[PDB]
Structures are given as structure tokens and as C-alpha cells.
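Peer 1: Sharing input.pdb (PDB, N, CA and C atoms) below.
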MODEL        1
ATOM      1  N   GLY A   1      -9.240  -0.787  -5.588  1.00  0.00           N
ATOM      2  CA  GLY A   1      -7.953  -0.068  -5.779  1.00  0.00           C
ATOM      3  C   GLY A   1      -7.276   0.178  -4.432  1.00  0.00           C
ATOM      4  N   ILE A   2      -6.015   0.556  -4.486  1.00  0.00           N
ATOM      5  CA  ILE A   2      -5.203   0.631  -3.287  1.00  0.00           C
ATOM      6  C   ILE A   2      -5.723   1.634  -2.247  1.00  0.00           C
ATOM      7  N   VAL A   3      -6.330   2.725  -2.688  1.00  0.00           N
ATOM      8  CA  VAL A   3      -6.828   3.698  -1.716  1.00  0.00           C
ATOM      9  C   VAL A   3      -8.050   3.130  -0.967  1.00  0.00           C
ATOM     10  N   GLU A   4      -8.961   2.428  -1.667  1.00  0.00           N
ATOM     11  CA  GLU A   4     -10.069   1.788  -0.958  1.00  0.00           C
ATOM     12  C   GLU A   4      -9.621   0.603  -0.148  1.00  0.00           C
ATOM     13  N   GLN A   5      -8.480   0.002  -0.476  1.00  0.00           N
ATOM     14  CA  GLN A   5      -7.967  -1.104   0.321  1.00  0.00           C
ATOM     15  C   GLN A   5      -7.243  -0.666   1.601  1.00  0.00           C
ATOM     16  N   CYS A   6      -6.476   0.427   1.560  1.00  0.00           N
ATOM     17  CA  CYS A   6      -5.504   0.704   2.597  1.00  0.00           C
ATOM     18  C   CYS A   6      -5.667   2.020   3.236  1.00  0.00           C
ATOM     19  N   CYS A   7      -6.367   2.931   2.587  1.00  0.00           N
ATOM     20  CA  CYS A   7      -6.542   4.299   3.137  1.00  0.00           C
ATOM     21  C   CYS A   7      -7.926   4.444   3.717  1.00  0.00           C
ATOM     22  N   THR A   8      -8.951   4.191   2.910  1.00  0.00           N
ATOM     23  CA  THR A   8     -10.339   4.261   3.475  1.00  0.00           C
ATOM     24  C   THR A   8     -10.847   2.902   4.004  1.00  0.00           C
ATOM     25  N   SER A   9     -10.003   1.871   3.913  1.00  0.00           N
ATOM     26  CA  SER A   9     -10.164   0.629   4.643  1.00  0.00           C
ATOM     27  C   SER A   9      -8.876   0.313   5.406  1.00  0.00           C
ATOM     28  N   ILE A  10      -8.947  -0.625   6.326  1.00  0.00           N
ATOM     29  CA  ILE A  10      -7.748  -1.049   7.048  1.00  0.00           C
ATOM     30  C   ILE A  10      -6.999  -2.107   6.244  1.00  0.00           C
ATOM     31  N   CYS A  11      -5.736  -1.878   5.958  1.00  0.00           N
ATOM     32  CA  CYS A  11      -5.095  -2.909   5.158  1.00  0.00           C
ATOM     33  C   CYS A  11      -3.977  -3.600   5.851  1.00  0.00           C
ATOM     34  N   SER A  12      -3.696  -4.779   5.381  1.00  0.00           N
ATOM     35  CA  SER A  12      -2.581  -5.557   5.851  1.00  0.00           C
ATOM     36  C   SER A  12      -1.394  -5.120   5.010  1.00  0.00           C
ATOM     37  N   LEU A  13      -0.251  -4.889   5.608  1.00  0.00           N
ATOM     38  CA  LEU A  13       0.952  -4.613   4.817  1.00  0.00           C
ATOM     39  C   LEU A  13       1.226  -5.730   3.847  1.00  0.00           C
ATOM     40  N   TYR A  14       0.747  -6.942   4.123  1.00  0.00           N
ATOM     41  CA  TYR A  14       0.928  -8.026   3.148  1.00  0.00           C
ATOM     42  C   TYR A  14       0.235  -7.735   1.841  1.00  0.00           C
ATOM     43  N   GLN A  15      -0.884  -7.014   1.857  1.00  0.00           N
ATOM     44  CA  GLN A  15      -1.562  -6.734   0.572  1.00  0.00           C
ATOM     45  C   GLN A  15      -0.760  -5.770  -0.309  1.00  0.00           C
ATOM     46  N   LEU A  16       0.150  -4.965   0.275  1.00  0.00           N
ATOM     47  CA  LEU A  16       0.981  -4.094  -0.507  1.00  0.00           C
ATOM     48  C   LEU A  16       1.918  -4.864  -1.422  1.00  0.00           C
ATOM     49  N   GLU A  17       2.218  -6.103  -1.094  1.00  0.00           N
ATOM     50  CA  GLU A  17       3.114  -6.939  -1.952  1.00  0.00           C
ATOM     51  C   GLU A  17       2.543  -7.050  -3.397  1.00  0.00           C
ATOM     52  N   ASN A  18       1.209  -6.977  -3.544  1.00  0.00           N
ATOM     53  CA  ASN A  18       0.562  -7.064  -4.889  1.00  0.00           C
ATOM     54  C   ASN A  18       0.958  -5.927  -5.813  1.00  0.00           C
ATOM     55  N   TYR A  19       1.512  -4.839  -5.282  1.00  0.00           N
ATOM     56  CA  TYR A  19       1.787  -3.617  -6.086  1.00  0.00           C
ATOM     57  C   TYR A  19       3.242  -3.494  -6.477  1.00  0.00           C
ATOM     58  N   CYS A  20       4.088  -4.430  -5.997  1.00  0.00           N
ATOM     59  CA  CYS A  20       5.510  -4.369  -6.342  1.00  0.00           C
ATOM     60  C   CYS A  20       5.691  -4.684  -7.818  1.00  0.00           C
ATOM     61  N   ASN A  21       6.685  -4.138  -8.457  1.00  0.00           N
ATOM     62  CA  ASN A  21       6.916  -4.658  -9.777  1.00  0.00           C
ATOM     63  C   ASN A  21       7.726  -5.946  -9.821  1.00  0.00           C
TER      64      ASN A  21
ATOM     65  N   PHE B   1      -1.652  -4.307  14.436  1.00  0.00           N
ATOM     66  CA  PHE B   1      -2.297  -2.987  14.669  1.00  0.00           C
ATOM     67  C   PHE B   1      -3.726  -3.089  14.147  1.00  0.00           C
ATOM     68  N   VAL B   2      -4.662  -3.345  15.062  1.00  0.00           N
ATOM     69  CA  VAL B   2      -6.091  -3.494  14.711  1.00  0.00           C
ATOM     70  C   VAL B   2      -6.581  -2.344  13.778  1.00  0.00           C
ATOM     71  N   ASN B   3      -6.067  -1.126  14.031  1.00  0.00           N
ATOM     72  CA  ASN B   3      -6.579   0.083  13.402  1.00  0.00           C
ATOM     73  C   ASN B   3      -5.577   0.811  12.460  1.00  0.00           C
ATOM     74  N   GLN B   4      -4.794   0.068  11.646  1.00  0.00           N
ATOM     75  CA  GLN B   4      -3.855   0.603  10.615  1.00  0.00           C
ATOM     76  C   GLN B   4      -4.583   1.262   9.406  1.00  0.00           C
ATOM     77  N   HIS B   5      -4.345   2.541   9.062  1.00  0.00           N
ATOM     78  CA  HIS B   5      -4.828   3.221   7.775  1.00  0.00           C
ATOM     79  C   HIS B   5      -3.644   3.995   7.160  1.00  0.00           C
ATOM     80  N   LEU B   6      -3.408   3.857   5.855  1.00  0.00           N
ATOM     81  CA  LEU B   6      -2.223   4.422   5.174  1.00  0.00           C
ATOM     82  C   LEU B   6      -2.722   5.291   4.034  1.00  0.00           C
ATOM     83  N   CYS B   7      -2.593   6.598   4.186  1.00  0.00           N
ATOM     84  CA  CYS B   7      -3.055   7.546   3.197  1.00  0.00           C
ATOM     85  C   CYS B   7      -1.921   8.480   2.787  1.00  0.00           C
ATOM     86  N   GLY B   8      -1.986   8.981   1.559  1.00  0.00           N
ATOM     87  CA  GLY B   8      -1.034   9.980   1.085  1.00  0.00           C
ATOM     88  C   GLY B   8       0.415   9.518   1.162  1.00  0.00           C
ATOM     89  N   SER B   9       1.274  10.359   1.695  1.00  0.00           N
ATOM     90  CA  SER B   9       2.703   9.998   1.808  1.00  0.00           C
ATOM     91  C   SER B   9       2.982   8.736   2.647  1.00  0.00           C
ATOM     92  N   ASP B  10       2.147   8.428   3.656  1.00  0.00           N
ATOM     93  CA  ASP B  10       2.272   7.167   4.386  1.00  0.00           C
ATOM     94  C   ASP B  10       2.127   5.945   3.494  1.00  0.00           C
ATOM     95  N   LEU B  11       1.234   5.990   2.486  1.00  0.00           N
ATOM     96  CA  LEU B  11       1.027   4.863   1.614  1.00  0.00           C
ATOM     97  C   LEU B  11       2.285   4.701   0.737  1.00  0.00           C
ATOM     98  N   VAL B  12       2.869   5.784   0.253  1.00  0.00           N
ATOM     99  CA  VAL B  12       4.087   5.669  -0.561  1.00  0.00           C
ATOM    100  C   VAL B  12       5.240   5.113   0.255  1.00  0.00           C
ATOM    101  N   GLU B  13       5.385   5.596   1.467  1.00  0.00           N
ATOM    102  CA  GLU B  13       6.412   5.080   2.380  1.00  0.00           C
ATOM    103  C   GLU B  13       6.250   3.574   2.641  1.00  0.00           C
ATOM    104  N   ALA B  14       5.030   3.148   2.930  1.00  0.00           N
ATOM    105  CA  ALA B  14       4.793   1.718   3.217  1.00  0.00           C
ATOM    106  C   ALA B  14       5.027   0.859   1.942  1.00  0.00           C
ATOM    107  N   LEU B  15       4.618   1.336   0.758  1.00  0.00           N
ATOM    108  CA  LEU B  15       4.929   0.580  -0.473  1.00  0.00           C
ATOM    109  C   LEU B  15       6.436   0.424  -0.676  1.00  0.00           C
ATOM    110  N   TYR B  16       7.181   1.484  -0.422  1.00  0.00           N
ATOM    111  CA  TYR B  16       8.632   1.458  -0.613  1.00  0.00           C
ATOM    112  C   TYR B  16       9.305   0.549   0.392  1.00  0.00           C
ATOM    113  N   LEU B  17       8.812   0.538   1.635  1.00  0.00           N
ATOM    114  CA  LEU B  17       9.419  -0.418   2.577  1.00  0.00           C
ATOM    115  C   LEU B  17       9.080  -1.868   2.230  1.00  0.00           C
ATOM    116  N   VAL B  18       7.884  -2.159   1.708  1.00  0.00           N
ATOM    117  CA  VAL B  18       7.568  -3.541   1.367  1.00  0.00           C
ATOM    118  C   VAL B  18       8.307  -3.945   0.083  1.00  0.00           C
ATOM    119  N   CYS B  19       8.330  -3.067  -0.931  1.00  0.00           N
ATOM    120  CA  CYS B  19       8.809  -3.491  -2.280  1.00  0.00           C
ATOM    121  C   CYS B  19      10.334  -3.321  -2.454  1.00  0.00           C
ATOM    122  N   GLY B  20      11.010  -2.509  -1.626  1.00  0.00           N
ATOM    123  CA  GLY B  20      12.469  -2.389  -1.764  1.00  0.00           C
ATOM    124  C   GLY B  20      12.822  -1.588  -2.991  1.00  0.00           C
ATOM    125  N   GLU B  21      13.856  -1.956  -3.681  1.00  0.00           N
ATOM    126  CA  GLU B  21      14.116  -1.328  -5.002  1.00  0.00           C
ATOM    127  C   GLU B  21      13.600  -2.055  -6.225  1.00  0.00           C
ATOM    128  N   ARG B  22      12.661  -2.958  -6.069  1.00  0.00           N
ATOM    129  CA  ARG B  22      11.873  -3.455  -7.207  1.00  0.00           C
ATOM    130  C   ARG B  22      11.081  -2.383  -7.895  1.00  0.00           C
ATOM    131  N   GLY B  23      10.704  -1.336  -7.132  1.00  0.00           N
ATOM    132  CA  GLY B  23       9.734  -0.372  -7.604  1.00  0.00           C
ATOM    133  C   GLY B  23       8.308  -0.910  -7.419  1.00  0.00           C
ATOM    134  N   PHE B  24       7.335  -0.035  -7.672  1.00  0.00           N
ATOM    135  CA  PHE B  24       5.930  -0.375  -7.427  1.00  0.00           C
ATOM    136  C   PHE B  24       5.071   0.603  -8.222  1.00  0.00           C
ATOM    137  N   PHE B  25       3.819   0.232  -8.407  1.00  0.00           N
ATOM    138  CA  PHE B  25       2.870   1.163  -9.108  1.00  0.00           C
ATOM    139  C   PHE B  25       1.456   0.728  -8.775  1.00  0.00           C
ATOM    140  N   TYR B  26       0.514   1.651  -9.007  1.00  0.00           N
ATOM    141  CA  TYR B  26      -0.899   1.289  -8.932  1.00  0.00           C
ATOM    142  C   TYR B  26      -1.596   2.024 -10.063  1.00  0.00           C
ATOM    143  N   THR B  27      -2.569   1.368 -10.638  1.00  0.00           N
ATOM    144  CA  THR B  27      -3.088   1.895 -11.911  1.00  0.00           C
ATOM    145  C   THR B  27      -4.159   2.912 -11.662  1.00  0.00           C
ATOM    146  N   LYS B  28      -4.960   2.713 -10.633  1.00  0.00           N
ATOM    147  CA  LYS B  28      -6.009   3.659 -10.252  1.00  0.00           C
ATOM    148  C   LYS B  28      -6.190   3.577  -8.759  1.00  0.00           C
ATOM    149  N   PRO B  29      -6.464   4.710  -8.127  1.00  0.00           N
ATOM    150  CA  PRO B  29      -6.593   4.788  -6.674  1.00  0.00           C
ATOM    151  C   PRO B  29      -7.749   3.932  -6.199  1.00  0.00           C
ATOM    152  N   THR B  30      -8.800   3.872  -6.991  1.00  0.00           N
ATOM    153  CA  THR B  30     -10.032   3.238  -6.538  1.00  0.00           C
ATOM    154  C   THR B  30     -10.782   2.540  -7.665  1.00  0.00           C
TER     155      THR B  30
ENDMDL
END
Go ahead and render the structure in this file as C-alpha cells.

Peer 2:
Amino acid sequence: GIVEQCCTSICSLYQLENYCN
Amino acid sequence: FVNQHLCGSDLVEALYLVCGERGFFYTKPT
């Protein structure tokens, strides 16, 4: 999930594209 | 940025800058 991807892990802003509608 | 972490309001801000006015959602935090 997004919190384990980007908050408690380091995320690429590119991975945020998966959450757009 | 080797050490980027986005939590709370920062995560909402970053989603909005990437997605524009398409909107965005996530089904579960984890």
C-alpha cells in the first residue's frame, strides 16, 4: 500500500502515478 | 533525492502535484 511504499519506505514520485484516477 | 519520504499531508500534496485534476485515491494505507 501507498504508506509502506512512500512513507515508511523511500518512494519514487513516479510510483504515485499508479494512484491517479 | 536519495532519502525522499512522504507522510501525512506531504503524501497528499505529492499525489496532487503528480495527478493534477484527474483526482486520485488509495484503497488501503498498507

Peer 1: Kindly give the distance, in Å, that separates atom N of residue B:24 and atom CA of residue B:3, rounded to a single decimal.

Peer 2: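 Computed distance, atom N of residue B:24 to atom CA of residue B:3, equals 25.3 Å.
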
Peer 1: Would you please extract all alpha helix (DSSP H) residues from chain A, as assigned by DSSP on the backbone, and give them as JSON, numbers by chain?

Peer 2: {"A": [2, 3, 4, 5, 6]}

Peer 1: Residues of chain B no more than 7 Å from chain A, counting only C-alpha atoms: send them over as a compact mmCIF listing (two decimals) with N, CA and C atoms, in the coordinates of the input.

Peer 2:
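File written: result.txt
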# COMPACT_ATOMS: atom_id res chain seq x y z
N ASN B 3 -6.07 -1.13 14.03
CA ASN B 3 -6.58 0.08 13.40
C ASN B 3 -5.58 0.81 12.46
N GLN B 4 -4.79 0.07 11.65
CA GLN B 4 -3.86 0.60 10.62
C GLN B 4 -4.58 1.26 9.41
N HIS B 5 -4.34 2.54 9.06
CA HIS B 5 -4.83 3.22 7.78
C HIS B 5 -3.64 4.00 7.16
N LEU B 6 -3.41 3.86 5.86
CA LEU B 6 -2.22 4.42 5.17
C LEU B 6 -2.72 5.29 4.03
N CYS B 7 -2.59 6.60 4.19
CA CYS B 7 -3.06 7.55 3.20
C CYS B 7 -1.92 8.48 2.79
N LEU B 15 4.62 1.34 0.76
CA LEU B 15 4.93 0.58 -0.47
C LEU B 15 6.44 0.42 -0.68
N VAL B 18 7.88 -2.16 1.71
CA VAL B 18 7.57 -3.54 1.37
C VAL B 18 8.31 -3.94 0.08
N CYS B 19 8.33 -3.07 -0.93
CA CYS B 19 8.81 -3.49 -2.28
C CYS B 19 10.33 -3.32 -2.45
N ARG B 22 12.66 -2.96 -6.07
CA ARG B 22 11.87 -3.46 -7.21
C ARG B 22 11.08 -2.38 -7.90
N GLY B 23 10.70 -1.34 -7.13
CA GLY B 23 9.73 -0.37 -7.60
C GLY B 23 8.31 -0.91 -7.42
N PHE B 24 7.34 -0.04 -7.67
CA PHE B 24 5.93 -0.38 -7.43
C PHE B 24 5.07 0.60 -8.22
N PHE B 25 3.82 0.23 -8.41
CA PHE B 25 2.87 1.16 -9.11
C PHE B 25 1.46 0.73 -8.78
N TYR B 26 0.51 1.65 -9.01
CA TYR B 26 -0.90 1.29 -8.93
C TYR B 26 -1.60 2.02 -10.06
N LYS B 28 -4.96 2.71 -10.63
CA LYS B 28 -6.01 3.66 -10.25
C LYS B 28 -6.19 3.58 -8.76
N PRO B 29 -6.46 4.71 -8.13
CA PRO B 29 -6.59 4.79 -6.67
C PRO B 29 -7.75 3.93 -6.20
N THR B 30 -8.80 3.87 -6.99
CA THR B 30 -10.03 3.24 -6.54
C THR B 30 -10.78 2.54 -7.66
